[PDB]
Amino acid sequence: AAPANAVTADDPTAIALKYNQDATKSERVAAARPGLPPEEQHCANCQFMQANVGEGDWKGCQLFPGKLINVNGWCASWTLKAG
């Protein structure tokens, strides 16, 4: 079950970025964002994931202030975690 502040499918920014909490139900292949082959991309290996926000599988994303994403999710702003 998602936290009360999870990013949800109806959030305008989530729609614009084609976020999904489950990267296997995402369009990461179509987007072909650079840095890793697409099938390898999810929030856990994204630069915008905030490992010190949230709990468990539900972590922060700098693009979704006040909310939580799933570490197993994806959106079209995915960017390799470089530091």
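Throughout, we count residues from 1 along the sequence that is shown.
Among all modelled residues in this chain, the alpha-carbon of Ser26 has a temperature factor (C-alpha) in the middle third. In the deposited entry, the Cα temperature factor of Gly60 places it in the middle third of its chain's modelled residues. Ranked within its chain, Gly66 lands in the highest third, by CA B factor from the PDB record. The deposited CA B-factor of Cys46 belongs to the lowest third of values across its chain.
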